[PDB]
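>>> Show me the folded form of this:
(chains A and B)
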Amino acid sequence: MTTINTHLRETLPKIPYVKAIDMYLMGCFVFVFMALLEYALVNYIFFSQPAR
Amino acid sequence: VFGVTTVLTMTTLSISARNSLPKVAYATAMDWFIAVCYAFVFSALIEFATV
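Numbering: from 1, shown residues only, chains lettered A, B, ... in the order given. Here you go, the structure:
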């Protein structure tokens, strides 16, 4: 995702506000982040309640 | 690791190929070839899941 972001970044100028493409990429970054945190949560409590 | 590295390098190659020519709405033959190969990688992963 970082690779996609940098390749997009080079083409455009430096504008302060947030674009639509930026909103989409931020959403996707949040999705990936939450997936990783969900895995961390699963690994954290597994010893006590593996069924959970 | 096979899956992740194949998909990552395939995405990098797909990005690289497009910069060789100007922005065009239509899809070039190169794009079709890359898409079909990406589909083959995806199909390999799907067959993995099935097995």
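>>> Of all the helix elements in chain B, which one is longest?
Looking across chain B with DSSP state H, the single longest helix is helix B:29-50.
>>> Please enumerate residues in contact with it?
Residues outside helix B:29-50 that contact it (C-beta atoms under 8 Å, 6 or more residues apart in numbering or on different chains) are B:3, B:6-7, B:10, B:13-14, B:17-18, B:20. The C-beta positions use only the backbone N, C-alpha and C, and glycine is treated the same way.
>>> Select the longest helix from chain A.
Ranked by number of residues, the top helix in chain A under DSSP H is helix A:20-45.
>>> hang on, the earlier thing: show me which of the contacts of helix B:29-50 is closest to chain A.
Of all those, residue B:18 has the smallest distance to chain A: 9.6 Å, by C-beta to the nearest C-beta.
>>> So the closest one versus residue B:28, what's the distance?
To residue B:28, residue B:18 is 9 Å away according to C-beta to C-beta, to the nearest Å.
>>> Could you check which of those two has the larger neighbour count?
residue B:18 (16 against 13; other C-beta atoms under 10 Å in any protein chain shown).
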